[PDB]
Structure formats: C-alpha cells, structure tokens
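Convention: sequence-line order gives letters A, B, ...; per-chain numbering from 1.
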Amino acid sequence: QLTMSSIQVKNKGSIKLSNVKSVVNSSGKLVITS
Amino acid sequence: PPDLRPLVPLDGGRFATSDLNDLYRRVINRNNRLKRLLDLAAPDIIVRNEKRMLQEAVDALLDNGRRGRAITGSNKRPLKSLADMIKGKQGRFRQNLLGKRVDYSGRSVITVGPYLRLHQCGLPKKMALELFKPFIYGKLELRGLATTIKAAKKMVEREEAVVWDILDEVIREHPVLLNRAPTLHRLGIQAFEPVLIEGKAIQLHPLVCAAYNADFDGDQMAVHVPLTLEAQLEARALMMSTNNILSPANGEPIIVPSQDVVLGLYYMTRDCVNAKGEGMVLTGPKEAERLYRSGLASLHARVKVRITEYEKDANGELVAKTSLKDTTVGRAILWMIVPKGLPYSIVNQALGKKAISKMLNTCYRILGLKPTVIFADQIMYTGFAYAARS
Amino acid sequence: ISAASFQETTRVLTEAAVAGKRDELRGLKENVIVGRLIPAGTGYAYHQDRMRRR
Amino acid sequence: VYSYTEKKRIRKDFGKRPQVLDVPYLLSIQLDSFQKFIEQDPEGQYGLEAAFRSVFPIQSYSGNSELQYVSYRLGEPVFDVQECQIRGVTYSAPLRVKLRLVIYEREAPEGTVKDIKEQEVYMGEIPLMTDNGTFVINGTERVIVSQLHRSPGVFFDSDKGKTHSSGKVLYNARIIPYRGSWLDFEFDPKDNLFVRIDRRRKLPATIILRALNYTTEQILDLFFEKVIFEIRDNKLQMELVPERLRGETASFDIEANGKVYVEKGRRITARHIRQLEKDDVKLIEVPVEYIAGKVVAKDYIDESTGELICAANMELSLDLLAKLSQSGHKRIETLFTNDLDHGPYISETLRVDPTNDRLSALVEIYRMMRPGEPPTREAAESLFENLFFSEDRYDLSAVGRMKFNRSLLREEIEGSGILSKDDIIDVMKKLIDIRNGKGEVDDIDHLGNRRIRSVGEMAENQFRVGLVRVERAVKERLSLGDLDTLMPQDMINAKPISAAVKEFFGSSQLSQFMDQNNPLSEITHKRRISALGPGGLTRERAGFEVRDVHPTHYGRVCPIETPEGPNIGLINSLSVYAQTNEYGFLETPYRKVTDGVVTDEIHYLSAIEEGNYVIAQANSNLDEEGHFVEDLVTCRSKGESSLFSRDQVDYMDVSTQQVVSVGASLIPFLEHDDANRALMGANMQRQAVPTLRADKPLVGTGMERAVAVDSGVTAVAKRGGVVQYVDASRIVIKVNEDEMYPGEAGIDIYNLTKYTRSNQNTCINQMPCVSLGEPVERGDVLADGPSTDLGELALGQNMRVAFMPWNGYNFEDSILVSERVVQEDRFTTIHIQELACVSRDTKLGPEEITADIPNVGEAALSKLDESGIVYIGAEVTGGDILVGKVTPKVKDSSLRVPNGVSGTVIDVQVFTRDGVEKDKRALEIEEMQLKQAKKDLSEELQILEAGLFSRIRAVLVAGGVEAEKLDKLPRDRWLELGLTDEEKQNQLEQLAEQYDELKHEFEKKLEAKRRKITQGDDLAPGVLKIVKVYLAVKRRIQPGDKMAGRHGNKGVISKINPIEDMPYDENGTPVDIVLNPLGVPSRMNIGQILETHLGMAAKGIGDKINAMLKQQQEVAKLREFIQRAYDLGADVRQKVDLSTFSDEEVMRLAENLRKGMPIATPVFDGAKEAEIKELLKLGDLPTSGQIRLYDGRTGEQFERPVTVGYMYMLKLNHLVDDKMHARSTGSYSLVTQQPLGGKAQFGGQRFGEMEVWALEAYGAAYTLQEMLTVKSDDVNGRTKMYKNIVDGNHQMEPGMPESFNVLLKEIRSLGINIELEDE
Amino acid sequence: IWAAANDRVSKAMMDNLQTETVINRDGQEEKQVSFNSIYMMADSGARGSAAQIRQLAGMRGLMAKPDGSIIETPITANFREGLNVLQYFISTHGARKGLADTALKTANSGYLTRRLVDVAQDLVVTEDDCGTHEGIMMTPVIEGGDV
Amino acid sequence: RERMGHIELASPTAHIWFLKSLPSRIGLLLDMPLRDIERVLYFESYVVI
DNA sequence: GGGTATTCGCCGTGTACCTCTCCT
RNA sequence: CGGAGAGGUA
DNA sequence: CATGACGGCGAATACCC
Ligand SMILES: [Mg+2]
C-alpha cells in the first residue's frame, strides 16, 4: 500500500515558550536567542 | 552419497545432466591425470598445469563461479555446485527446511458462500474425500465394512453411499486450514469447519475476504487438514475465524461488512421524505417487518416505533427501557438482529461502512466475542437480502 | 543456523566453521529447520520442560 | 454496394469518421520478414543470399584454394504441414547451395586456375513458415516473436548525477555494432575521457587515438584550436581572433588601434565583442605572467643544438617561456581553453595517459583485451585491427551505419560496416561538445532509437553463426589437407548450420509455443514485440522507464495491451496500422495535409520524422473539400499536444483506432473504460475458449471480420464461383469462367479441419457457412473456424445481464448464472487431450502392447480390441485402460485414462519402427488410411474430371458443335482417334491434355502415398511403437469457472441459479446472468454499461424482426423496419439501401437479424449515448436502459429499476476442473523425501516460508511441526501418522526430516564438519 | 487555472448528485439526500469515492507525463462522455506507471517483510513481569497545527 | 543416501570458501594479500617457506 | 609510514499455483 | 522425475 | 562469450600529506 517563513496559531489557547529568555527590545517584543 | 545426486531418467534410455556428478567427474579425471603424471616424474611445467587445473576443478565443485569464469555445461547455463545446493531461494534452507510441500493438502478456486457462518467454509466433497482418506479407511475398518486396507480403498474409489456417510461423520468438527497466497499476516491462514458442497470450488465466507485480501475474480486457495488432536485444537482455539476477528496490527475488527452488505444496510436504514407509511405508529420491529413485507409501508418511511432496548447496569444485568422512537421502518426491522445490550441509537441513522464498523465495535466492547460473531453473520445476511431487494 | 538460512550462507558458514561455532536450538527458525516444536505458543511449555530438565 | 455474401448479415456501423486506409493484413510482419529471409535477392541485401556473400569466398590461409558461392535454392519439403504435425517432425525445406571449389596453379603468376569443381551441396533443413506466419518445429506450432532492441549506431547518454559528488553529470557515448565489439567513451568526475572495449576496465581515451597512428600534436590539432603568440621584440604580444576572448574576464587592458577598450577587472560581455566589428586588432600585448596558466601545443626543438626544449602539450611556465624566447623562437603555440565551453578534456586525458606512441597504445590495448597474455607487436597490431576494422569480426549494419551518420549529422546514408578514424574522432568530438553544453543526449526508450528484428533477421543471424562455424572447419580442412580431386562436398559439414538453426527454432527465447486459445490469441502472438531475448532486456532487471508508455509509442505500440506482472512494459502489441520500415523502425501512416486540405495521400512516418511535423488528431472534423472545419485543431508536434491553425497542420491521423492494438480495437466503447480495465479486457479476450456454438457479438467494433479472416482459421475462397458441393468436412467451388486459367477445370477444393486439438487442448473445428449452389466471391468466408461466426470473430456469447446484487452470490466480482445458460450449452466447450502410450525396449525384454493384461477383469477390457487398443467412439472414464501394455519384469504398464478425465475416444494413431510387426489394429488403421488416400486421389480426381468435362462441353459446342457425337461417341475418343485436325479439337488438345496429365499426376503419386502410409516411421531410440489416443470431453459451465467481458470485468461463477429463481421482467423473461453493479464505479470500466444498453437496443431490434418473422408480415414491412434501423444514427458513415436488395436477400438478412442486429461501435468513433437511446426507442425499449425486475423466489418487484441488457461474455481458459486438486498421500521426491509438486504429479501444496511465519505468529506449534515432519519428509513419522489415523489415534511421533540430513551431508561434502550433539 | 476548474466541476457535480427534490406530505418541494445508485454506493462507503465519481461524471483532470511533469492541458472529458484518442493515450501513461509500480514494489515489500521476520523471529514473550521501572514517555503526536 | 565417499587428492588443494569468501581467512591468517595467494595457488608465483 | 577519499568486488532484490517444449 | 527456457493466473 | 541494474557495504587502493 506504500508508494515509493512565519508561524500562525489557528485556534484559541494560551502561549507557552520553553528554553526562552526575556530581554530588552527596540519595540518591546521578545527576540529568541536559544 | 549418490542417492542425494541421482540421475533423472529421460524417456528411459537417456539421462539429463545432473550438474553435480559432472563436477565430481572433472575432479576425478584431473586427480587421475595428476596421479599418473606424479609416478611418471613428468616435466614440472605440465605437472604444475595439471595441478592448477585440478585446483579449479575442485573449487568449481565446491563453489562454481565464485572465482573466475563459471564452468559451463552442455547448455550455456552455469553448472550448479555444492554451495548452490544450500544457498539462495532454491537452496536447501529456504526451499526444503524453512518451507516444504506437505501431505493432506489441496487447492481450488474460491467462490462466495453467502449462507455460510463465520466459522464455516464450503469444501468440495471430492476434495474432502481425497483429503480425509485415511480417516475414511479407519472408520470403514471400525464398523467392519472393510476387512482389509484394499477393501477400504476400493470402496472409497467406487464412492459408495456409506463412504459419503462416513465422510460426513469424520469432518463434522474437524477444522481445516484455508490459505491464500501471499500469506502477508497470520490471518492469511485461518481455520474453518468444512461443509460438504457439490462442485469443485471452495466456498469462502465474505467477511473473511478482507483478512485474506481475497476476492472472486480467479483467486485460488489452499486447504490443509490438521491431523493430530493438538493440531485440531490449535486450529479451533487459535486459528478459527471466529477467534481472530481483530487485527493484530492495530486491534481493529477485520470482519466489517463491505460492498453489497454495506449497501443493503445503508439502503434499508435510509429515510425518505414522503415514503409510503409515513407517520404510522408501530408496536415494534415485528409490525414494521409485517408492514414492509405486505407492501403497506415503505422501507424508508419515517415512523414512530415502540422500541425496548437493554443497557448493562453496574453489576452487569441488562436493564430494559421501552420508549417510543422516531425512526424508519428499515431501522426498526434491522433492530431485530441487534443483540441485547446495545443502544437503539446505533441503528437509528443511515448506516454506512464506518457506522457498521462502529456498531460491531460497540457489540464487541459490550457483549464479547460470540455475540459479535453472531451479530456480524446476521448483519451480512440482512445486508445481502436487502441489497437484493433494493 | 538462522544467519545461514537467512542470507550470505557461504560467509556465515565459513565464519562458523573457522570459529567452531555451536548452535543451541533456541529460536523459532532453528527449531523449524530441525523439525521440532518452536519455543513459542503451544510448544513453549515443552521447551520449558526441556530446559528445566537440564 | 454490398456483395451477395455480405448481404447475409450486415453489422450496423455507428462509425462517423470516413475510413481513408484499410486495415492492413494483420500478419504482414511475419510473412514479409520470412520472405525477405528466404526469397532470392539478386542484390544480396537480405536473407540467405546476404549471409552467404558475407562468409564466402572461403579462402585458404596461404590462399592457394578458395571455395566460391554461386547460388542457393530450397527444395520441396518431404512432408507438408499436416504430416509434420502428425508425425511430430519439423516442417522444413532442404537448403541446396551451388558451391565451386577453385584450386589455383601452384606458383601461378596471379590467380591462374588449374581446376574448377562446381557442385551443389546440402547444408541442412531450413524450417519453413506456414501460410499463417507460424512454424512447425518437431510437430508443434510455434511463433517467432519479434524483438525490440537498441538500434546499432552511436548513442550519447549521461547520468543525471546519481554516481559521484552532487549534480556532477557524467556524459558517455556508445558505438553499438550489429556484430562486433562495443566501443564506449565516458567522462570521469575529473573530466578525463576514458575508453572501454567490450565493457572491460577503462583506459584513457587518447590510447585509441594513439593506436590510430595519431601523435600528441595531431590529437591537439584535432581537438583544439591553435592560439599563436607572435613576439616581435618583447612584451609577448598575442595574435588572435576576437571571438575567442568572449566569456572570460579581461587579463589585460585590451587595446583598439592603440586605444584601450576594457581594462583589467571587468568581464567581457556581448557588447564588448560587438564593438570589435570595426575594431580589427590582431597583435595584442599581454603580461608575461599571464602565460603561466597556458599549454604549449606543438613539440619544439632549437635550431641546431638538438635538445628537446619542449614537446607537445605541456604547462607553460615563466622559466620555459623565457628560455624558449631567448632562442629567438618567435611564435608560441597554445591550445584554446575555456571553463564552460572549451574545456581541456583531451589535454588532461593526455596528461593522465601513460602511453606515448602507437606501440605503447597497442600493447596497452592487448593487456586490456587479453588480461594474462604477454603480446607480440604483431599480435597487438592484428588484435586492434580485428577489433573494429575487419569486416569479418566487426559489422555496423546498414541501419547501424545510417543511425551512426545521422547522429553525427552526416549527409551520407550509406557507408562501410567498419569504423574509420573519422568515425571515432567525430564520436569523441560530439561527446565533448555535449559536455561543453552544445548538444543533447539521446532518449534510450525513444522508438527512433529502438528497432525491430523479426523472424527473418534473427534466422539469418543464426544461419550466419552456423555458416562461420562451418567456415572455420572448411578453412582448416582446406589449407591443412593435401586436397586433390576432392569435391566441395567434403569440406562442407552441415551439422553446425543445422544445429544452430534447430537451436534458434526450438530453444530460443523468442521461439514460443503458440498461444492458440482462439484466433485472437494467434493474431496477438504473431504481432507481439518483445524487449526480452538475446541482446535485449531481462524481466528481473528492467526499470520503470523502459516499461513506460513513451510518446513515440503513439500509432506504433499499443499503450493498452501489455502483460500484467513481471513482463509489464516489456511485451508489447503492434498497433493496427503500424509497420516496420526498411531499417526495422516502427512507422505509422498519416494523411498529408496540403494547403489546409486533408488529402487521401498516405505517408508512413517513423518516430524520428514524425516529431518534425504538426499532426492533427483523428478526431478532427472535416468537410467534403478536405479543409478543417475549425480554425484551431488539436495536434501533436514534438511529443507534446496543443492547438494549431489549419495552415500549420502538416499531417492527420488516418483512423481513430490507429493507436490501439487488435485486441484493444476489439473492445466496444473502449473510450469509456479506464486504461487498467481495458488492459485486463484485452488480455482476457485472448484466453476465451471457443464454445459449442459460435455466437456473434451483438455489440462489436467492426474489427471482428478482419481478425477472423487474417487469422487463417476460416476457409476463404481463393477464387469466385458457385458452391458445387458442400458437407461438414469439405467444400467444392465451381470457379467462375472469368477467373479460370486456360488449362484447368476451375474446381477449388477446401478440406475442413475437424475436431483437432489446439496448443492449449481446445477444439479446432471448421464448419461450412455456405450452402449448395451459393455464389461466392474471392475473399468470402466459406467455412467458419473456431470462435468465428459468418466470418466474424465470435469469442463468447451474448448474455442477458442484469446489474443488481443478488443475495451475496455476486459479492467481490462473483457471477450468478441462470440454469438456462447451462441447459442451452451456451458456454459448453470441447477439449481434446492427447494421451501417448510408448512401448520401448527394456533390458529384460521388449515391451508388448496387447489385450492380455494380468490382474484385470474381462469387463475392464471390453473397450479394448484384439490388439489391446481402445475402439474409436468408446466412452472412457478415469482409470479406464486405453492401450494395454505389459513390461517383462509381466507388470501392468497399460496407458489408463487420467483420473476424472471421462471423455470420448475420437482418434487413434499408431507409429511403428522399421522391423516391428505392426499389430492388427495397426493393420486396419493402415487399411483405412490407404482407402482414404486412394479416395483423396479418386474423388478429387473425379470432381476435377467433372470440371474438365464441363469445360470440354463448353469448348466443344463452341465452333465445333457435334450433337450426335456427344452420345454416339463417349468422352474417351477425342484424344487418340485419328482424324484431320480443325479448330474444334485443336483447342481441346490443350484442355484435355491437362486431363491426361491428371492421369499422370493423381495416379503417379498413388504409389508414393502408399509408400508413405506403409512407411515404418523413425521413432525415438529404443521405442518399439507409439499409440496416440485423442479424447474429446465436453466441459459444461459450473461454479468456479472464470467468466469475463471485454471491459476487464472478470469474475468467478458462484452459483447456478434455477430458472424460476432468477430475476425476470414484466413479460416473464428471466435474465441469464446477474452482475454486481458495485464492481463498476471504482473500476471505472463504464463501457460494459454502455455495451449493455447498446446490447439491449440490439436485441430489441431483433425482437421486432423476429416478431415480424413469426407473424409472416410482408417483405415490404421488414424492408421498412430494417431500413429505419440501418438509417438510425447521427450522420454515420455506413449507408445501407435495402431497395437494392431482392426480396429473398431481405428475407435472408431478416432471418440472420432475428436474434439481434449486430452493432459496430469503433473504439474512438463509436455510438453516442443519444444514438443508443434512439435505437432503444426504435425497439420500444426504455431509453434509460433500466427495466422493472421481479424476484423469481417471491414475485416481489425490486424496488428500483435495474439495468438489464445484453453483454458479450467470454469463458476463460481457467476452468475449475483443471485447477481443483487434493492429495492425502502420494509419491515423494528423491533427494528430499518431501511430497512432489504439481497437480499433474498428484503433488502436495507447498507450505512456504510465509505460511510457517503465520503458524509461528499463531503459536500453533503442533500444527507447524506436523507440517514439517508427518506431512512431509519425516519418512518414519508419516508412516506412523498414517497407521495411527487408520487406527483412530490422532497422535504424531515426529522425527528428523530427511531434508535436514541432506543439508548435513551437503555441508559435510563441502569439507565442513557439521554434526548433532548429545542428548 | 485548470486545477481550479477541476475543483469547480467536481463541486458542481457533487452538489447536483448528492441532493434530490421530493414532494413533501403537503404539495411542497423539499431537499433530501439523493437516492442515485452511484451516490448511494459512494456515500455508504460500499464502493467508489469522490475521485472515482468525478472521473465518471466530472472530468478526469490533470495528468502527468512519464517523467512526472504535469501535462498542461487536462482531460476535460469524463468516462461517461468518453475520451478522445489523445486523452486516452495521455491517461495510459499514468495507468502503466501505476501498474508497473505495483509490480516492482511487491518484491521490495516482500524482501523487507522477510528481513523484518528474521530480525524479530526469535523474540517471544517469556515472562509476566520483569519488574522494570523504565518506560517511554507517550505524548500525542502533533506536527504543529494538527493532531 | 547416508554413506559418503572420499577422494584422495594427488596434490593438496585449497578450499575456495576459506580463500575467496571475503575476508580471506587464509590471507588474514597469513597477512599475505589475497592477490599473492591467488597467484601462488593458481601457479603464477612462488613463496619462500 | 599513516589517515582518509576513491575504487572494486560481493550481496541482495514477493508468494502460491497452472500450461508448453527441450535437455548425454 | 530434476534442471533450463517461454507463457499465464491471483 | 555479453555488452539494458543498481543500491549498500566492506576490503583494498591510491592520494595526500
Ligand atoms: Mg483477485
């Protein structure tokens, strides 16, 4: 049977980031460094 | 040993190339030449050449073609060496040890048996007579109809009536194994109780076809007879189709109805807006069946039916609740084959393939294996009948 | 035995013969080849009875 | 206009496209190929003439004597086809070749002859092709399947990465001769050219050039353009042509007329180059260090010092340029080198080439060709010459040379069969410039690169192999022998040629046992194209690409008909109009479009030339003047399809069935079927078994007549005339006067084949389809063959089919069949089985065939005669004795009927060796054959005599009328009676002379035929006699049998339903077969539905005509209705005017139409749905094709309308009788003690590896153990098991299988100590 | 554009095929699930699917060349209307590709199955509980945006 | 089918399984390359013992 | 003399069943 | 009855 | 003699220090 850019959340829910740090920003929105 | 390398007679007079005795002959020839030059004390060049030739003769006998040109026979086909005897698909291990031809076996084209129960198969009586022959001989000796072996053989060859009665007696609960190649999973071989049928084709239960990946466009199947009590009980308890209704790969049922059974259930459980008999209030499924069979109500008519359903309580007893259901005539008719303990909502819908599979899942989860097998057989009978009637 | 019956029979048998290997009939293929009850299913207890007697 | 024969039953054609080209003779490829092989060719281009002229003259090593070929001829075959089939011998002609041994005068000046011995010599038997394109080899009918192979020539391929690093494309070229070594050139990842001869180890490419007597500077001149460095005083100024510098960056400030144009650091562009059109600078100064990355091209020496300062092709450096300059050497030679289009591949290959002259190249080539051999200069100088430059050992064929020159863009088509220096040089140059991105690689699967060899070409090749094998012996016996007075017969030993030809015709992969299930199977077998065989592919190794439908397959290879499974895409079917060209490339016809007008001029285009034109589709509407009615026609241009204006269109397809094969062309409504199911239907049409009664398809395509006629299974009138006599075995036609040769009676005799077995044990029976006194035209079918009905292919039966589920009996493609089908013998088939009984010569004594058999009762031998041979017509059953034989052990070795093969004895043949006293049954069989042969020389004598006397009557009453002498003087007194001659009997002297020659022809061969009957035929060594018994058995349809339509709708019968149980309509008519509708939607083979509808319509027409025949209506009424039926359609091409038919012809046609009007629906020009509904209206049938059915069991109406119509159903050769098999115990193999294999050997089923895996997964250890031991090679275990089962004890005592012991002994024989340990 | 046209044709065909009008108890029109035989077989799940229905009564759609590139002009006809010579020849490419793919993939599947059988042949449940505390951490399989 | 025979070889002969089957057991056991063993066994060279 | 990229020879490539001819 | 070749069925 | 298979892998080879 086998044959040989930018992220967008699509539903309601809380956001959780892991292995992430909080730093000062020019616009105030956190960058990622890890 | 020579009996492991025989010479096959061709038309009696002449023999085919054994492809193994030839290599032995070359080895013996070169050994004799080297011996008759060793005592001769011949010049060393020809003696060395003969030693070299004996060496290629020997390693051609052991592994022909492993080094250098493959020594060739009368035809261009390479000679088959000792190493070839034990390796490859045609080698000893794979062709004669990991698999082999067996006695008490047969094969035939498969046809659909729609009347069969899940644990039954349709065996041609000629195939059964040949397969169970020593059992027939034993039973003939037991009741004194055959004094000797030859008498029993003659009675079986003549196919006397008492021989057929004995054959019916022997196979009553002796399971047989049905197999369809390729055997991709254990369920490619399953056990069934044989039923003697006329003709020459094996009858297969529809619900096991999916397990076999079988259909009836030319497929053939092999049948095997478990001889011993241990083998018969293994067939019954381990391999019988009624004991193997769940896929070992994912745990899902394998005996879900397909094609015309699904079509029949779907057609009879469909609803029509203005079908004949709409708005009638029925005492139960029996009245719905009576109205449908008498032509007074359409199979898709939206009606009210008093339905008594059963639900398992905390301690496992079936508490009965009776209520008026807004349903169709066909759904009420199908309710009669639903075993107690299942809710009426499982049939109060247009039943497609997934709905039927879910109904079988619910029956297996609530009631167990035997009611599930009975329910599946009843579903298949009803589907066939109402697909025909549609 | 199992490796030889699988693939590369010449190489496997050469390795076994040079090393003087000894094969205990413990797997399914090995017992199938010698025509014994496999150490699984209904034969499993038999093999257990064979093992506990040694 | 319709002829009298075709007025019998006119098939209604719904085809709308006019037919511009007739379907060619479907067997033309085989006959034309064999004709080219055998026919005399004065030019010597084809066949036996060419093979002889390419091996002769056979000259001695010294050259004193040579054998010269003059001519050849093929003698009359000793036996014709039928006798060869009966006696089991090859149908062949003796090859008799006129040779001439020439011995020259010893130390003659030059070529002076001293004797010329011209003799005819026999070089063996050449198997002759039959009238239908088959061969009779050892009495068996075989087909030589045509082979599709890579054309000879030069082919440029590459690897699209996939071999080294990433995306590094390696290019290669292959010179493939028809005969000789393969020459390969290739690029390595470092861009060096390597050369391979016969797929050996790779050598540097420049070695071949060095062996072609090319030095380094010559090679550089061939593969590079010289740049010159013209130093006058200093600064290293550089003469060049501008164009060279384009593409690469500026190394120096290029100056124009003393003014710099572009400086360093700026890459030169196109505008830079175009500025130099009026800037013609030649001497340009360049930096000294610029020369560092340059190569000196020529070999330089100083004036008179004699020191090699620099040889050809080396990296120039500052020291080398400075010292070369200090000697006044004014001009420096370099090679032009770029990075993208002028790469130095040849230079680098030379840099890695170890060889440096012709001697080194030749010795290296010797070392590569003959590894392990130390070579003499002469040995290498001859080996290299023999590789590619001797006609005897190397041969580019005419097609090979043509393809080679075409690939290199050479105008010349003809050329030499051997390679030249320029050939190799041009191949290397094209490979290099393909690497340079200037050319393109070739398509391996393109049909312009794959050609066809048919029977003639491969037969000639094998004959050449035999000829050269004989040539070796002739040369050695000629040179080494002190020959004097010896005739050329002495040197010619015909055994090699005969052996090679017999091997080709009996054991070659393409010499295949003919598929003879039905005439369509024969046609398809004769038309298959095979990519397998010698020089082709292998089914285990062929990849996806070669199995794909290539765009060039259009009109040449059918994209539908190919075997399922391993052979898919490797075995193909020739397209209907496809034919091979002179070079063997498949070509297909097209109509030329001139000035926008679709003319009727037909041009056959091959795959190469077809891609250069715009070709319109066959489904393109035209007008009476030939112009395209639309202005945007769909066309194919270069393997792509798009729209074009009519002026662009260069060609048009000749027919809508051009792309399909014959089998696919026979599928009605093919365009409504999915290609997979169409493939299945085309494959299964060939497996249909001829039934008891041939039944025409109600829905056809129009190709049935061509298939039936071209197959040769029918009797076709050679000349027109009147049926003078007719019976089930014979037809005698009285030829028309206008078709008579002067000296003949005008009688044509057609003896019909009666109840003879086919290659698949089916019945071949011819029955006449003409009556006494009927007029017949040339090409008319006189007798139908198997599966033919009035000259139309009739593979199956028209079945009244309903599409509905019926209680599960049609589940998973199962078929429900009414008992009425069984009762009417619709699918009952005749099978003829041949049993042989051989009495041989044993050591103890000679085997005897007699009626005296021990240990058997008298009643069991009542069917045997006094000779112990079964009577003709005896109804035998399984176990009955056919031929009683005893071996002097006497043991009972009589030939018995195989179990369950109950049939009727229809023929007994007896073959006895010389010196054996033939038995009484042999004597009476001989007597019957003698009487029948005398009858064949007497009835065929008196019928021709009656024709001659009719012609004598006609001539004698013409100018020489003598009424009284007719009866007062018999017809035996016109020959010798002495009288003065006149015009009356001088003409009779020419017409009765042939009569008297039949007194010299029929009677003269009577003794020869008697000798042949009385002949004691040569049998196999040790065989005393052979008795062949032919058994005819009628196989009636039963559950388990396989049925199929033409649409891929296959199934197995599950039940024979009683007639009262079948669904029936309002008129009480039941359906014949109930098919499951649910197999239609997912399969998408909708044609079976449409055919069904059309079938219904067809039957409806018949249902009306039958009614009009039952009511005895006026002939005018039938005229009106049948004319309305034929006129129906949407502008169909067929026109049937009943007004031109007589009343009797109309009645005959209506009688032939009363069972249903045959309909023709071409595969892509077929009946539309609206036309089908119109025909349904004409028959007063519902336009939906669905009617109200009632359940026979209950009478209840089925709730919905059911599609009911007529489908044409085939019984396939997959009967359950042949497949059912069972075994409890039986014989066992010799080495392993496991049960035998096969139903024919009463063998057991193989419980293979996956079965054992299933048993292990169940944990059924005891069942597995009994499979391995008591049911297989455990000899003691199986005996104990059988005894225990007889005793009622279902218990086993398994032991060691013998196969394990065999394995242990085999490993021990390999010098390995394997053993079992203790317990 | 041709893919969008195929989607539109499929949507129109399914919309017209899946619903039928019927007189209600009163003389009023009402929409209901169609009783068309092909639609009933597909919707029930007995046989057929959306792709097969649109091949029968919609359009066959875009086809692929043997090398895999999509042919620019799709097959606008369906099996009821019948294909022309060009469309049929185009479809034979995919049909042959699929059949040969099955033929050459069955061997690879069998070889993989045999290798798996050997590597796992001797593994048998030999104990009730070994007493291990280690285990693997089972979470729902989520690739991002779907379960 | 159980009793085996023997052939007394006039000269010693190398077993191909222990020579050709990679890795060469004789070659690895002796550190002379398989090429030299092939040439010596097949009479193309000599070895000093 | 030692590490590592390239080469060369070997290993493997679905099951079951059916028909035919031909083979020291 | 072993092998080879060819074809076919699922 | 055949020259239409190819991917994976380990031992041997060669190249580059
Ligand atoms: Mg099938």
Is it true that [X] and [Y] make a salt bridge, defined as a side-chain N closer than 4.0 Å to a carboxylate O?
| X | Y | value |
| --- | --- | --- |
| D:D1217 | B:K200 | yes |
| D:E561 | D:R686 | yes |
| D:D813 | D:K1050 | no |

[X] vs [N]: side-chain N/O to OP1/OP2 distance below 4.0 Å:
| X | N | value |
| --- | --- | --- |
| D:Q687 | H:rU9 | yes |
| D:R539 | H:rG7 | yes |
| D:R1246 | G:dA16 | yes |
| E:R114 | G:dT15 | no |

(request) With RNA chain H as reference, determine whether B:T17 or D:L510 sits nearer its 5' end, using the nearest nucleotide of each. (result) B:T17
(message) Go nucleotide by nucleotide along RNA chain H from the 5' end; which of D:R528 and D:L1236 gets its closest nucleotide reached first?
(response) D:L1236
(message) Mind checking if D:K1042 touches a base, just sugar-phosphate, or nothing, with heavy atoms under 4.0 Å?
(response) sugar-phosphate
(request) Tell me what D:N567 touches on the nucleic acid: a base, only sugar-phosphate, or nothing, going by heavy atoms under 4.0 Å. (result) sugar-phosphate
Side chain of [X]: nearest nucleotide among [options]?
| X | options | value |
| --- | --- | --- |
| D:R199 | H:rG8, I:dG4, G:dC20 | I:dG4 |
| D:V546 | I:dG4, H:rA10, G:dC11 | I:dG4 |
| B:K89 | I:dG4, G:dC22, G:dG14 | G:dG14 |
| D:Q509 | G:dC17, G:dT21, H:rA6 | H:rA6 |
| B:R94 | H:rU9, G:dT15, I:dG4 | G:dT15 |
| E:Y111 | G:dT13, H:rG7, H:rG2 | G:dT13 |
| D:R541 | I:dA5, H:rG7, G:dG12 | I:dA5 |
| F:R35 | G:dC23, I:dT13, I:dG4 | I:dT13 |
| D:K1239 | I:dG7, G:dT13, G:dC18 | G:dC18 |

(request) Please state whether the base of H:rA10 and the side chain of B:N213 form at least one donor-acceptor pair under 3.5 Å? (result) no
(request) Examine the base of G:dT13 for any acceptor or donor lying under 3.5 Å from a partner atom in the side chain of E:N108, and report the outcome as yes or no. (result) no
(request) Please determine which of D:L148, D:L532, D:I529 meets the side chain to side chain contact (heavy atoms under 4.5 Å, CB included) test together with D:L570. (result) D:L532
(message) Checking side-chain hydrogen bond (donor to acceptor under 3.5 Å, both in side chains) between D:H525 and each of D:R527, D:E522, D:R528, which is the one that passes?
(response) D:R528
(request) Begin from the C-alpha positions of D:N386 and D:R393 and carry the test side-chain hydrogen bond (donor to acceptor under 3.5 Å, both in side chains) through to its verdict. (result) CA-CA 6 Å; D:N386 285 335; D:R393 300 281 282 147; over 6 Å; no
(request) May I ask you to classify the sugar pucker of G:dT15 as north or south from its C1'-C2'-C3'-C4' sign? (result) north
[atom1]-based separation of [M] from [N] [nearest Å]:
| N | M | atom1 | value |
| --- | --- | --- | --- |
| G:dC10 | H:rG8 | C1' | 35 Å |
| I:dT3 | H:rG5 | P | 15 Å |
| H:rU9 | G:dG14 | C1' | 16 Å |
| I:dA5 | H:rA6 | P | 15 Å |

(request) Send over the distance from D:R757 CZ to G:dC20 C1', rounded to a whole Å. (result) 9 Å
